[PDB]
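J.: Input file: data_20.txt. Contents: compact mmCIF, C-alpha atoms and all ligand atoms.
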# COMPACT_ATOMS: atom_id res chain seq x y z
CA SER A 1 -1.91 -11.08 -7.20
CA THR A 2 0.86 -8.57 -7.95
CA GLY A 3 2.56 -5.53 -6.50
CA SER A 4 4.53 -2.62 -7.89
CA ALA A 5 6.47 0.12 -6.11
CA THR A 6 8.68 3.02 -7.15
CA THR A 7 12.22 3.06 -5.75
CA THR A 8 14.15 6.33 -5.53
CA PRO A 9 17.88 7.05 -5.02
CA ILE A 10 18.61 8.59 -1.62
CA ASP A 11 21.19 11.05 -2.96
CA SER A 12 22.86 12.35 -6.11
CA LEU A 13 25.32 9.42 -6.25
CA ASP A 14 22.75 6.57 -6.11
CA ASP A 15 24.32 5.44 -2.84
CA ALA A 16 21.11 3.54 -2.04
CA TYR A 17 17.46 3.28 -3.09
CA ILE A 18 14.43 3.61 -0.82
CA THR A 19 10.96 2.20 -1.47
CA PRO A 20 7.82 3.10 0.53
CA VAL A 21 6.37 0.20 2.52
CA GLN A 22 3.10 0.19 4.49
CA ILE A 23 3.26 -1.52 7.90
CA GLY A 24 0.45 -1.95 10.41
CA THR A 25 -3.22 -0.99 10.69
CA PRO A 26 -3.73 1.84 10.11
CA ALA A 27 -0.82 1.98 7.66
CA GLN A 28 2.48 3.44 8.82
CA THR A 29 4.60 4.26 5.78
CA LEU A 30 8.35 3.76 6.09
CA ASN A 31 11.00 4.11 3.38
CA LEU A 32 12.94 0.85 3.29
CA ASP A 33 16.12 -0.24 1.50
CA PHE A 34 15.27 -3.37 -0.51
CA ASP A 35 18.25 -5.68 -0.03
CA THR A 36 18.64 -8.91 -2.02
CA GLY A 37 21.81 -9.58 0.02
CA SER A 38 20.07 -10.16 3.36
CA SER A 39 16.92 -11.73 4.71
CA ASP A 40 15.69 -9.59 7.61
CA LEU A 41 12.92 -6.98 7.55
CA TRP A 42 14.00 -4.59 10.28
CA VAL A 43 12.83 -1.06 11.00
CA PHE A 44 13.57 1.91 13.20
CA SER A 45 10.87 1.88 15.86
CA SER A 46 9.55 3.45 19.05
CA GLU A 47 11.80 0.89 20.81
CA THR A 48 15.05 2.15 19.23
CA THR A 49 17.25 3.98 21.74
CA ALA A 50 16.50 7.68 21.37
CA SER A 51 20.11 8.78 20.81
CA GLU A 52 20.49 6.42 17.83
CA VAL A 53 17.58 8.01 15.90
CA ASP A 54 18.18 11.16 13.79
CA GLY A 55 15.23 12.05 11.56
CA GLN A 56 14.10 8.55 10.60
CA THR A 57 10.43 7.66 10.52
CA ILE A 58 9.79 5.08 13.26
CA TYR A 59 7.40 2.14 13.46
CA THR A 60 5.15 2.28 16.54
CA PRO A 61 3.64 -1.19 17.10
CA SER A 62 1.47 0.17 19.91
CA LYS A 63 -0.51 2.17 17.31
CA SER A 64 -1.15 -0.88 15.08
CA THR A 65 -4.25 -2.97 15.78
CA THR A 66 -2.68 -5.91 13.89
CA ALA A 67 0.74 -5.95 15.57
CA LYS A 68 1.61 -8.90 17.80
CA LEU A 69 4.77 -9.36 19.82
CA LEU A 70 6.55 -12.57 18.82
CA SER A 71 7.20 -13.68 22.37
CA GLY A 72 10.81 -14.61 23.13
CA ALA A 73 12.15 -13.90 19.63
CA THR A 74 15.27 -11.78 19.14
CA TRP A 75 17.40 -10.82 16.16
CA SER A 76 20.96 -9.63 15.66
CA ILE A 77 22.58 -8.97 12.30
CA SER A 78 25.92 -7.66 11.03
CA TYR A 79 26.49 -6.57 7.44
CA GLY A 80 29.64 -6.95 5.36
CA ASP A 81 30.49 -3.26 5.84
CA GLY A 82 30.51 -3.62 9.64
CA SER A 83 27.01 -2.21 10.18
CA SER A 84 24.81 -3.94 12.75
CA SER A 85 21.45 -3.77 14.53
CA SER A 86 19.38 -5.86 16.92
CA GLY A 87 16.13 -5.99 18.88
CA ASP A 88 12.85 -7.87 19.24
CA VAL A 89 10.26 -9.13 16.77
CA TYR A 90 6.64 -8.29 16.04
CA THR A 91 4.30 -9.75 13.47
CA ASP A 92 2.15 -7.31 11.51
CA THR A 93 0.59 -6.64 8.14
CA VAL A 94 3.02 -5.38 5.48
CA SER A 95 2.12 -4.07 2.03
CA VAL A 96 4.39 -3.17 -0.90
CA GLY A 97 2.79 -1.43 -3.87
CA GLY A 98 -0.61 -3.03 -3.30
CA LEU A 99 0.74 -6.50 -2.38
CA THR A 100 -0.22 -7.38 1.21
CA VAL A 101 1.22 -10.04 3.52
CA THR A 102 -0.38 -10.72 6.90
CA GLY A 103 1.69 -12.01 9.80
CA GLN A 104 5.02 -10.80 8.43
CA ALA A 105 7.89 -10.74 10.93
CA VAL A 106 8.80 -7.09 11.55
CA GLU A 107 12.08 -6.89 13.46
CA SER A 108 12.03 -3.83 15.70
CA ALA A 109 15.51 -2.37 16.12
CA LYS A 110 16.38 -1.61 19.72
CA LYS A 111 20.02 -0.84 18.83
CA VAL A 112 21.47 0.31 15.50
CA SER A 113 25.03 1.04 14.45
CA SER A 114 26.17 4.59 13.75
CA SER A 115 26.07 4.29 9.95
CA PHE A 116 22.30 3.72 10.07
CA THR A 117 21.74 6.59 12.53
CA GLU A 118 23.48 9.18 10.35
CA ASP A 119 21.41 8.11 7.30
CA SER A 120 18.07 9.85 7.93
CA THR A 121 16.62 8.82 4.55
CA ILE A 122 16.57 5.05 5.30
CA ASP A 123 13.98 3.85 7.83
CA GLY A 124 15.01 0.19 7.60
CA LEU A 125 15.78 -2.76 5.37
CA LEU A 126 13.61 -5.28 3.53
CA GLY A 127 15.64 -8.42 2.92
CA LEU A 128 15.02 -10.38 -0.28
CA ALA A 129 17.69 -13.10 -0.11
CA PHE A 130 16.67 -16.63 0.89
CA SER A 131 15.02 -17.22 4.25
CA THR A 132 17.85 -19.50 5.41
CA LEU A 133 19.82 -16.29 6.18
CA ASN A 134 17.20 -14.75 8.49
CA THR A 135 18.61 -13.98 11.95
CA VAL A 136 15.52 -14.39 14.15
CA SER A 137 16.12 -16.78 17.05
CA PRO A 138 14.98 -19.33 18.15
CA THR A 139 12.35 -19.55 15.37
CA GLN A 140 13.71 -18.48 11.98
CA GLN A 141 11.35 -16.20 10.04
CA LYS A 142 10.46 -15.98 6.36
CA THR A 143 11.12 -12.98 4.13
CA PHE A 144 8.40 -10.84 2.57
CA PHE A 145 8.97 -12.53 -0.80
CA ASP A 146 8.71 -16.02 0.72
CA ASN A 147 5.46 -15.17 2.53
CA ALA A 148 3.93 -13.60 -0.59
CA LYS A 149 5.07 -16.35 -2.98
CA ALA A 150 1.94 -18.49 -2.85
CA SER A 151 -0.42 -15.63 -3.69
CA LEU A 152 1.77 -14.13 -6.42
CA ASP A 153 0.72 -14.76 -10.01
CA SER A 154 4.33 -15.84 -10.71
CA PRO A 155 6.93 -16.44 -7.95
CA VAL A 156 9.18 -13.65 -9.24
CA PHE A 157 10.20 -10.11 -8.47
CA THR A 158 12.09 -7.75 -10.72
CA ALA A 159 14.51 -4.91 -10.01
CA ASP A 160 14.60 -2.00 -12.47
CA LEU A 161 16.96 0.47 -10.82
CA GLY A 162 17.48 3.89 -12.36
CA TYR A 163 20.67 5.84 -12.99
CA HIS A 164 20.20 9.10 -11.04
CA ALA A 165 16.46 8.50 -11.47
CA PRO A 166 13.58 6.57 -9.86
CA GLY A 167 13.05 2.94 -10.72
CA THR A 168 10.62 0.08 -10.06
CA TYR A 169 10.38 -3.10 -7.97
CA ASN A 170 7.66 -5.41 -9.30
CA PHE A 171 6.33 -8.50 -7.52
CA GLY A 172 4.53 -11.33 -9.29
CA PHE A 173 4.88 -10.36 -12.96
CA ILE A 174 7.43 -9.43 -15.62
CA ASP A 175 6.84 -6.07 -17.34
CA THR A 176 7.68 -6.83 -20.96
CA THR A 177 7.75 -3.10 -21.78
CA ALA A 178 10.62 -2.39 -19.34
CA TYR A 179 13.47 -4.03 -21.28
CA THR A 180 14.79 -4.51 -24.81
CA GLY A 181 15.53 -7.79 -26.55
CA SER A 182 15.32 -11.06 -24.65
CA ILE A 183 15.89 -11.97 -21.02
CA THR A 184 18.88 -14.28 -20.50
CA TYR A 185 18.39 -16.64 -17.56
CA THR A 186 21.26 -18.20 -15.61
CA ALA A 187 21.33 -20.75 -12.82
CA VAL A 188 21.37 -19.72 -9.15
CA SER A 189 23.09 -21.48 -6.25
CA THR A 190 21.25 -21.09 -2.94
CA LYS A 191 23.92 -22.92 -0.94
CA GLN A 192 25.04 -19.76 0.89
CA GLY A 193 21.58 -18.18 1.09
CA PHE A 194 22.36 -15.57 -1.60
CA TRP A 195 21.22 -15.01 -5.17
CA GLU A 196 24.56 -16.47 -6.27
CA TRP A 197 25.36 -16.96 -9.95
CA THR A 198 28.30 -17.26 -12.33
CA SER A 199 29.15 -14.54 -14.84
CA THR A 200 30.76 -15.72 -18.06
CA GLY A 201 33.42 -13.03 -18.41
CA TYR A 202 34.09 -9.37 -18.97
CA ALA A 203 35.42 -6.64 -21.24
CA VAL A 204 36.87 -3.18 -20.62
CA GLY A 205 35.72 -0.44 -22.97
CA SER A 206 35.91 -1.62 -26.57
CA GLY A 207 38.48 -4.31 -25.73
CA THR A 208 38.25 -8.04 -26.31
CA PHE A 209 35.88 -10.08 -24.18
CA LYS A 210 37.74 -12.28 -21.70
CA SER A 211 35.87 -15.54 -21.14
CA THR A 212 36.33 -16.41 -17.48
CA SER A 213 33.98 -17.61 -14.75
CA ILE A 214 33.23 -15.05 -12.04
CA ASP A 215 31.10 -16.31 -9.17
CA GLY A 216 29.24 -13.57 -7.36
CA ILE A 217 25.96 -12.42 -5.84
CA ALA A 218 23.24 -10.08 -7.11
CA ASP A 219 22.92 -7.59 -4.23
CA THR A 220 20.61 -4.58 -4.52
CA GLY A 221 21.81 -3.54 -1.05
CA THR A 222 25.43 -3.00 -2.07
CA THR A 223 26.28 0.22 -3.89
CA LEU A 224 29.41 -0.72 -5.84
CA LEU A 225 30.68 -3.56 -8.03
CA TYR A 226 33.25 -5.73 -6.21
CA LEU A 227 35.26 -8.06 -8.48
CA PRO A 228 38.53 -10.05 -8.29
CA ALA A 229 41.77 -8.12 -8.17
CA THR A 230 42.84 -9.26 -11.64
CA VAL A 231 39.67 -7.89 -13.25
CA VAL A 232 39.72 -4.62 -11.31
CA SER A 233 43.37 -3.96 -12.09
CA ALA A 234 42.70 -4.53 -15.81
CA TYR A 235 39.86 -2.00 -15.75
CA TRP A 236 41.69 0.76 -13.89
CA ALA A 237 44.85 0.32 -15.98
CA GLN A 238 42.85 1.89 -18.84
CA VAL A 239 42.24 5.13 -16.87
CA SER A 240 45.05 7.69 -16.95
CA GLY A 241 46.31 8.49 -13.46
CA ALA A 242 44.10 5.93 -11.69
CA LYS A 243 45.65 4.21 -8.67
CA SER A 244 44.69 2.19 -5.61
CA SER A 245 44.87 4.38 -2.50
CA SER A 246 45.40 2.86 0.93
CA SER A 247 44.26 6.02 2.73
CA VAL A 248 41.04 6.22 0.70
CA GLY A 249 40.45 2.46 0.70
CA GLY A 250 40.17 1.76 -3.00
CA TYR A 251 40.85 2.87 -6.54
CA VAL A 252 40.63 6.63 -7.19
CA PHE A 253 41.06 8.49 -10.45
CA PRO A 254 41.47 12.10 -11.61
CA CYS A 255 38.04 13.68 -11.78
CA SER A 256 38.99 15.03 -15.23
CA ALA A 257 39.34 11.54 -16.71
CA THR A 258 36.66 9.86 -18.79
CA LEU A 259 35.84 6.33 -17.78
CA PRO A 260 35.55 3.34 -20.12
CA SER A 261 32.51 1.13 -19.99
CA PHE A 262 32.57 -2.28 -18.31
CA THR A 263 30.87 -5.30 -19.87
CA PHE A 264 29.91 -8.44 -17.95
CA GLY A 265 28.67 -11.71 -19.41
CA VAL A 266 25.42 -13.53 -18.69
CA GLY A 267 25.57 -16.84 -20.50
CA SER A 268 26.06 -15.80 -24.12
CA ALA A 269 24.58 -12.34 -23.51
CA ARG A 270 26.41 -9.14 -22.58
CA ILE A 271 25.43 -6.34 -20.19
CA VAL A 272 27.22 -3.03 -20.74
CA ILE A 273 27.79 -0.69 -17.79
CA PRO A 274 28.34 2.84 -19.18
CA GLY A 275 31.47 4.55 -17.92
CA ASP A 276 29.45 7.35 -16.28
CA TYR A 277 27.89 4.78 -13.91
CA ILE A 278 31.35 4.04 -12.46
CA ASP A 279 32.02 7.67 -11.40
CA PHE A 280 31.21 8.20 -7.72
CA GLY A 281 32.47 11.77 -7.54
CA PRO A 282 35.14 13.54 -5.48
CA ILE A 283 36.48 11.67 -2.46
CA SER A 284 35.90 14.89 -0.48
CA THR A 285 34.24 18.22 -1.22
CA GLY A 286 36.41 20.23 -3.60
CA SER A 287 38.88 17.40 -4.26
CA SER A 288 40.08 16.64 -7.78
CA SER A 289 40.37 12.91 -6.97
CA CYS A 290 37.23 10.88 -7.69
CA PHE A 291 36.20 7.49 -6.26
CA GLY A 292 35.74 4.50 -8.55
CA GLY A 293 32.57 2.41 -8.75
CA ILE A 294 34.48 -0.83 -9.47
CA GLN A 295 36.54 -2.10 -6.55
CA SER A 296 38.41 -5.23 -5.52
CA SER A 297 36.62 -8.02 -3.66
CA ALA A 298 39.88 -9.39 -2.20
CA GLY A 299 39.15 -7.98 1.26
CA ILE A 300 35.57 -9.34 1.22
CA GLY A 301 35.84 -12.98 0.13
CA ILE A 302 32.94 -12.86 -2.32
CA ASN A 303 32.28 -10.96 -5.55
CA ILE A 304 29.33 -8.57 -5.39
CA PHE A 305 27.22 -7.41 -8.35
CA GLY A 306 25.88 -4.33 -6.60
CA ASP A 307 23.78 -1.40 -7.80
CA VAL A 308 26.47 -0.20 -10.25
CA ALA A 309 25.96 -3.41 -12.27
CA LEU A 310 22.28 -4.09 -11.59
CA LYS A 311 21.04 -0.63 -12.63
CA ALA A 312 22.46 -1.22 -16.12
CA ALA A 313 19.96 -4.08 -16.56
CA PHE A 314 16.42 -5.28 -16.00
CA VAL A 315 16.90 -8.09 -13.47
CA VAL A 316 14.45 -10.93 -12.78
CA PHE A 317 14.70 -12.74 -9.44
CA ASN A 318 12.91 -16.00 -10.25
CA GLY A 319 12.03 -17.74 -7.00
CA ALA A 320 10.63 -20.89 -8.58
CA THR A 321 11.48 -24.27 -7.07
CA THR A 322 14.65 -24.13 -9.18
CA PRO A 323 15.65 -20.46 -8.79
CA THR A 324 17.18 -18.51 -11.68
CA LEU A 325 18.35 -14.96 -12.39
CA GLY A 326 17.27 -13.18 -15.58
CA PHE A 327 19.14 -10.24 -17.11
CA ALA A 328 17.98 -7.99 -19.94
CA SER A 329 19.31 -4.82 -21.51
CA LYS A 330 17.14 -1.73 -21.13
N1 LIG B 401 23.58 -6.26 1.10
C1 LIG B 401 23.66 -7.26 2.15
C2 LIG B 401 25.04 -7.92 2.21
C3 LIG B 401 26.12 -7.25 2.76
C4 LIG B 401 27.36 -7.85 2.81
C5 LIG B 401 27.52 -9.13 2.30
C6 LIG B 401 28.88 -9.83 2.35
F1 LIG B 401 29.85 -8.94 2.71
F2 LIG B 401 28.82 -10.84 3.27
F3 LIG B 401 29.16 -10.35 1.12
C7 LIG B 401 26.45 -9.80 1.75
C8 LIG B 401 25.21 -9.19 1.70
Starting from the coordinates I provided, produce the structure as structure tokens.
T.:
Amino acid sequence: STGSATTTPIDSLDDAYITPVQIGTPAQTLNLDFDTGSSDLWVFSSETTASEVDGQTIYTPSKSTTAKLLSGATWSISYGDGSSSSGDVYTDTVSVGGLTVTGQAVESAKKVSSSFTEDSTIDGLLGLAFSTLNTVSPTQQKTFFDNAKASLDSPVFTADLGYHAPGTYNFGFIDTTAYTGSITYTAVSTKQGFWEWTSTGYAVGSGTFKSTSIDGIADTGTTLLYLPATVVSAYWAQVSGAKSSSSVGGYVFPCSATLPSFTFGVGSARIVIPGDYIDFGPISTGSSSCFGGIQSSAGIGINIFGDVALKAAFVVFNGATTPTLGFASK
């Protein structure tokens, strides 16, 4: 079987993408952030403290005939940006774009950090990294992709994120009309639980391609592109007036500048990120300083190929016994 769902940017900057997901019987539809950088399916619920909920749609397990409390199980998770959430665990039926999994662990948030509360467009997260990262204790739980794998036609899902436009998450098949040319596959390391791979180098604008190995993760749940300081300095040096700001927390540039493209390597292939994708707009309303979409990973400890990079490509997450990542131009 297969599934297919439209994903839509939450705002005008593509800060995140939400995808409708049906949970429970009868269906309760929540808009979840599909995150290949984590492995928990957690939702705002009727159990979330009332003061930490501001306009989100909530999951009510008491109204689902198929919901079952997973007795004794708890979860607690903290993201790389400092966000966090925690609560208890139900099992229920979960469907994405026609693809249904029964007995999926649905982690009901009892507490959520402030950054989730002030984001009324995101009802929760659907983790798509490897199940070794799932935070349910004492019995670790499988992700939606892992539970659906056996019944999928092909153990793959694809991310086709749009630039200021809706896109598509497909499960179980590769849409050969969604990309141009060939898909270039590259090996994945699962040792840290991430979709971790090695890029073969980079170029800035029309400059020469620098062959260098850049280890990093493919993370639909991270907005920006986080790369080593040497790479990020070489990019921003080509933008007049760009500088790293301590008060802002990253590279900023004059909103009147035009940004060069950024190219990253996938084996022998090249993926070009148009300069417009790197513009994240004024750092504050009315400001003439704009925030850059390519930032240094030095403070993080891992390089992150976030939405800025992934939306320039058609990306295949191949969850075969030997996992691989496929990239195609589109
Ligand atoms: N999008 C999930 C996520 C967030 C942060 C990280 C970090 F910071 F640990 F790399 C990995 C994955």
J.: What residues of the protein or nucleic acid chains come within 12 Å of ligand LIG 401 (chain B) when you use all atoms listed in the file? Reply as an MDAnalysis selection string.
T.: chainID A and resid 16 33:40 77:84 125:130 133:134 192:196 216:227 297:307
J.: Could you save those same residues with C-alpha atoms as an mmCIF file, in the frame of the given file?
T.:
data_model
loop_
_atom_site.group_PDB
_atom_site.id
_atom_site.type_symbol
_atom_site.label_atom_id
_atom_site.label_comp_id
_atom_site.auth_asym_id
_atom_site.auth_seq_id
_atom_site.Cartn_x
_atom_site.Cartn_y
_atom_site.Cartn_z
ATOM 1 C CA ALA A 16 21.110 3.540 -2.040
ATOM 2 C CA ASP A 33 16.120 -0.240 1.500
ATOM 3 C CA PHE A 34 15.270 -3.370 -0.510
ATOM 4 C CA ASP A 35 18.250 -5.680 -0.030
ATOM 5 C CA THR A 36 18.640 -8.910 -2.020
ATOM 6 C CA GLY A 37 21.810 -9.580 0.020
ATOM 7 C CA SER A 38 20.070 -10.160 3.360
ATOM 8 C CA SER A 39 16.920 -11.730 4.710
ATOM 9 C CA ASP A 40 15.690 -9.590 7.610
ATOM 10 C CA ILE A 77 22.580 -8.970 12.300
ATOM 11 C CA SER A 78 25.920 -7.660 11.030
ATOM 12 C CA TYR A 79 26.490 -6.570 7.440
ATOM 13 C CA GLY A 80 29.640 -6.950 5.360
ATOM 14 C CA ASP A 81 30.490 -3.260 5.840
ATOM 15 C CA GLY A 82 30.510 -3.620 9.640
ATOM 16 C CA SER A 83 27.010 -2.210 10.180
ATOM 17 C CA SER A 84 24.810 -3.940 12.750
ATOM 18 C CA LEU A 125 15.780 -2.760 5.370
ATOM 19 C CA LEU A 126 13.610 -5.280 3.530
ATOM 20 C CA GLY A 127 15.640 -8.420 2.920
ATOM 21 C CA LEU A 128 15.020 -10.380 -0.280
ATOM 22 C CA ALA A 129 17.690 -13.100 -0.110
ATOM 23 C CA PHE A 130 16.670 -16.630 0.890
ATOM 24 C CA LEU A 133 19.820 -16.290 6.180
ATOM 25 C CA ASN A 134 17.200 -14.750 8.490
ATOM 26 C CA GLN A 192 25.040 -19.760 0.890
ATOM 27 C CA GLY A 193 21.580 -18.180 1.090
ATOM 28 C CA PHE A 194 22.360 -15.570 -1.600
ATOM 29 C CA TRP A 195 21.220 -15.010 -5.170
ATOM 30 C CA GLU A 196 24.560 -16.470 -6.270
ATOM 31 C CA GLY A 216 29.240 -13.570 -7.360
ATOM 32 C CA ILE A 217 25.960 -12.420 -5.840
ATOM 33 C CA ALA A 218 23.240 -10.080 -7.110
ATOM 34 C CA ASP A 219 22.920 -7.590 -4.230
ATOM 35 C CA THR A 220 20.610 -4.580 -4.520
ATOM 36 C CA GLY A 221 21.810 -3.540 -1.050
ATOM 37 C CA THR A 222 25.430 -3.000 -2.070
ATOM 38 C CA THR A 223 26.280 0.220 -3.890
ATOM 39 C CA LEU A 224 29.410 -0.720 -5.840
ATOM 40 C CA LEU A 225 30.680 -3.560 -8.030
ATOM 41 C CA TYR A 226 33.250 -5.730 -6.210
ATOM 42 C CA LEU A 227 35.260 -8.060 -8.480
ATOM 43 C CA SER A 297 36.620 -8.020 -3.660
ATOM 44 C CA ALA A 298 39.880 -9.390 -2.200
ATOM 45 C CA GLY A 299 39.150 -7.980 1.260
ATOM 46 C CA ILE A 300 35.570 -9.340 1.220
ATOM 47 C CA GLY A 301 35.840 -12.980 0.130
ATOM 48 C CA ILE A 302 32.940 -12.860 -2.320
ATOM 49 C CA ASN A 303 32.280 -10.960 -5.550
ATOM 50 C CA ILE A 304 29.330 -8.570 -5.390
ATOM 51 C CA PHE A 305 27.220 -7.410 -8.350
ATOM 52 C CA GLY A 306 25.880 -4.330 -6.600
ATOM 53 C CA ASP A 307 23.780 -1.400 -7.800
#
J.: Of the candidates A:310, A:41, A:252, A:325, which one gets nearest to residue 295 of chain A if we count all atoms listed in the file?
T.: A:252
J.: Atom CA of residue 31 of chain A and atom CA of residue 71 of chain A are how many Å apart?
T.: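 Here the two named atoms are 26.3 Å from each other.
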J.: If I take atom CA of residue 21 of chain A and atom CA of residue 121 of chain A, how far is one from the other in Å, to one decimal?
T.: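 Those two atoms sit 13.5 Å apart.
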J.: Excluding residue 158 of chain A and its own-chain neighbours fewer than 6 positions away, which residues fall within 12 Å of it when counting all atoms listed in the file? Please give them as an NGL selection string.
T.: :A and (2-7 or 34 or 36 or 128 or 145 or 167-176 or 178-179 or 183 or 218 or 220 or 310-311 or 313-319 or 324-328)
J.: For residue 236 of chain A, which residue among A:181, A:26, A:286, A:293 is the nearest when counting all atoms listed in the file?
T.: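 Ranked by minimum distance to residue 236 of chain A, first place goes to A:293.
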J.: Do a neighbour search on residue 74 of chain A at 9 Å with only C-alpha atoms, toss out local chain neighbours closer than 5 positions, and write the hits as number ranges by chain.
T.: A: 86-89, 107, 135-138
J.: Could the residues in this selection be written to a file with C-alpha atoms, as a PDB file, in the frame of the given file?
T.:
ATOM      1  CA  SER A  86      19.380  -5.860  16.920  1.00  0.00           C
ATOM      2  CA  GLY A  87      16.130  -5.990  18.880  1.00  0.00           C
ATOM      3  CA  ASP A  88      12.850  -7.870  19.240  1.00  0.00           C
ATOM      4  CA  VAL A  89      10.260  -9.130  16.770  1.00  0.00           C
ATOM      5  CA  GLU A 107      12.080  -6.890  13.460  1.00  0.00           C
ATOM      6  CA  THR A 135      18.610 -13.980  11.950  1.00  0.00           C
ATOM      7  CA  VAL A 136      15.520 -14.390  14.150  1.00  0.00           C
ATOM      8  CA  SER A 137      16.120 -16.780  17.050  1.00  0.00           C
ATOM      9  CA  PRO A 138      14.980 -19.330  18.150  1.00  0.00           C
TER      10      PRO A 138
END
J.: Could you jot down the atom CA of residue 50 of chain A to atom CA of residue 114 of chain A separation for me, Å, one decimal place?
T.: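 If I compute the distance from atom CA of residue 50 of chain A to atom CA of residue 114 of chain A, I get 12.7 Å.
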J.: Which residue is closest to residue 160 of chain A? Choose from A:202, A:59, A:90, A:17 and count all atoms listed in the file.
T.: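 Closest candidate: A:17.
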J.: For a quick check of understanding, using all atoms listed in the file, which of A:113, A:25, A:296, A:268 has the smallest distance to residue 230 of chain A?
T.: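 Checking each of A:113, A:25, A:296, A:268 against residue 230 of chain A, counting all atoms listed in the file, the winner is A:296.
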J.: Measuring between only C-alpha atoms, which one of A:320, A:94, A:237, A:290 shows the shortest distance to residue 278 of chain A?
T.: A:290
J.: For residue 279 of chain A, list every protein, DNA or RNA residue within 10 Å, evaluated using all atoms listed in the file, and leave out those in the same chain fewer than 6 positions away; present the list as a list in words.
T.: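 These residues fall inside the cut-off: residues 13, 252, 253, 255, 257, 258, 259, 290, 291, 292, 293, 294 and 308 of chain A.
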J.: Restricting the calculation to only C-alpha atoms: of A:329, A:1, A:51, A:66, which residue gets closest to residue 272 of chain A?
T.: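 Checking each candidate against residue 272 of chain A, we get A:329 as the closest.
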J.: Select, counting all atoms listed in the file, all protein, DNA and RNA residues no farther than 8 Å from (39.7, 0.3, -19.0) in file coordinates, and express the selection as a PyMOL selection string.
T.: chain A and resi 204-205+234-239+259-262
